[PDB]
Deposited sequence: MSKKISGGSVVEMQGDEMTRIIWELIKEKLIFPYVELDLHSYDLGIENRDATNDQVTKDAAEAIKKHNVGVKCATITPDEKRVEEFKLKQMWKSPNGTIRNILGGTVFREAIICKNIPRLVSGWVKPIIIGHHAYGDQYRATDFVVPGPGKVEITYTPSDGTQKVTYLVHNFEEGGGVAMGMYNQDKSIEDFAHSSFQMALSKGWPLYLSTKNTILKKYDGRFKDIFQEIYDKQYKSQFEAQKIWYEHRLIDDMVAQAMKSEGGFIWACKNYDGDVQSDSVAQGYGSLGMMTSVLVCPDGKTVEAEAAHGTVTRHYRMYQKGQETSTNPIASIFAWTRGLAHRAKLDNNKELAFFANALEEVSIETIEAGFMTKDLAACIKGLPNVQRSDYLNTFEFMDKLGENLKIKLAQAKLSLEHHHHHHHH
């Protein structure tokens, strides 16, 4: 008999990822696990037909069932509106889901011993989580057309005296100015998600800020994380031989480079600054502050360029790893919530099979290019999308047979 997997919210997607998502379910998941599957079709055509109601319903199902596994989806732009004759330029499903669930997104690149990394010494991945914006949240920027004062004021609701801070006195010429803010609740949610993420992995957590420059703004993140740690998580961390520390950004960057990895890094970037492989190896998880709800997905898109080749009947070599790890992370979380030992073993075995297959020299073109360099990759160095899924399927059957005896 198959493993009884319980409740999983699954969101089908678009283009190349939609094809790979179906192959994963048919070849890797369904032959071994029976799920009470709450399946939502987030294909662009279905979101258009339902006036995006499907997206909202999927988000509510994740909130109820605690486990979401999502396929990459098309975020409409002008060209997509014309391509599908869309009724509206629908908002990103990821944006809609994040707004309903809340939480922090943690990204992790899957490491294979034979695949070159930025730091060769990295044996274990580094999991990065950013303090992001709640999609509707913004900064108030404007042009300063000429000389004059820019001030920022706070008027207490409690009737106490208003406080005025001079931002800059433009004495000659103009420029630009802006106002930014953060609510304590957002910082607290960021801290809770980071501590829950570290406890779940059994890895230490680092928070980096620029509190030497933004003494009040970044000092608040530093203080809130330390207050929550001391009160709610410190005993739990010590019990798992892990820790939490604040590090100044400059000091944090250098330490990660001389490290073997295996830590969570919560990042509070300097506000207003710009922030930005193989993408097929990058996983993503939205971790809600409750420590109960997660939504897992590949960090890449729908791979439109490969989908166009597939539509023409041309051979493709699309990496399914990030999509497989969305399934394994969701199933591992489900197993943890349900104390399901068989499901926990399966989720770990599938991750090991995926890494082992690549480490044995069977991989898609993107990874063969990492090893050989794109100018020297030959057809014999890689497997096409379907051949690679078949190899994973064969290795998974072998792994699960060895596990039985």
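Q: Missing C-alpha coordinates: which residue stretches of the deposited sequence does that apply to?
A: Seq positions lacking coordinates: 1-2, 279-285, 415-425.
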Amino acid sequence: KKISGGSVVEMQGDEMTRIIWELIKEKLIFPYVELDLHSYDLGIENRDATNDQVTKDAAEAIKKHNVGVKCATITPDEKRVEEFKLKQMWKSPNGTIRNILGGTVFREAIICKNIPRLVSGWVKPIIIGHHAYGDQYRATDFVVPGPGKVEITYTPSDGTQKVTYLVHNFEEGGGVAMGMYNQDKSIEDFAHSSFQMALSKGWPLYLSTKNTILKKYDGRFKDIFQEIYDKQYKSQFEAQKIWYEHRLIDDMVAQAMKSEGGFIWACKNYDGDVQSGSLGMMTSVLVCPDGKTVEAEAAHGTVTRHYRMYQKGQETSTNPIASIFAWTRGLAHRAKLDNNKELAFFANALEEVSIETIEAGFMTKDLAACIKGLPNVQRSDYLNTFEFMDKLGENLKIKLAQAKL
From here on, numbers count along this sequence of modelled residues.
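Rigid core here is just the name for the largest C-alpha set that superposes within 1.5 Å across the two forms.
Q: Between 215-223 and 172-180, which one strays more from this form in 5 other deposited structures of this protein if you match the rigid core and compare Cα atoms?
A: Taking the RMS over all superposed structures in 5 other deposited structures of this protein, 172-180 lies farther out.
Q: Fitting on the rigid core only, I'd like to know which of the two stretches, 253-261 or 190-198, ends up farther away in Cα terms in 5 other deposited structures of this protein.
A: Stretch with the higher C-alpha RMS distance in 5 other deposited structures of this protein: 253-261.
Q: Counting the other entries of this protein, is residue 243 left out in at least a third of them?
A: No, residue 243 has coordinates in all the other entries compared.
Q: Taking the other PDB entries of this protein that cover both neighbours, check whether residue 132 lacks coordinates in at least a third of them.
A: Residue 132: unmodelled in a third or more of the comparison entries.
Q: Do the CA atoms of 175-183 or those of 126-134 have the higher mean B-factor in the entry?
A: Between 126-134 and 175-183, it is 126-134 that shows the higher mean C-alpha B-factor.
Q: Is the mean CA B factor in the deposited entry higher across 322-330 or across 219-227?
A: Taking the mean B-factor of the alpha carbons in each, 219-227 is higher.
Q: Of the options 156, 301, 145, 289, which has the highest CA B factor as deposited?
A: Highest CA B-factor of the listed options: 145.
Q: Could you say which of 295, 188, 260, 151 has its CA atom at the highest B factor, as listed in the PDB entry?
A: Spelled out: the listed residue with the top C-alpha B-factor is 260.
Q: What third of its chain, lowest, middle or highest, does the C-alpha temperature factor of residue 71 fall into?
A: CA B-factor rank for residue 71: lowest third.
Q: Please rank the C-alpha B-factors of the chain's modelled residues and tell me whether residue 207 sits in the lowest, middle or highest third.
A: Middle third, going by the recorded CA B-factors of the chain.
Q: Would you check the entry's CA temperature factor for residue 375 and let me know if it's in the chain's lowest, middle or highest third?
A: For residue 375, the deposited C-alpha B-factor lands in the highest third.
Q: Is residue 317 in the lowest, middle or highest third of its chain when residues are ranked by C-alpha B-factor?
A: Lowest third of the chain for residue 317's C-alpha B-factor.
Q: Which third, lowest, middle or highest, does the CA B-factor of residue 403 fall in along this chain?
A: Middle third of the chain for residue 403's C-alpha B-factor.
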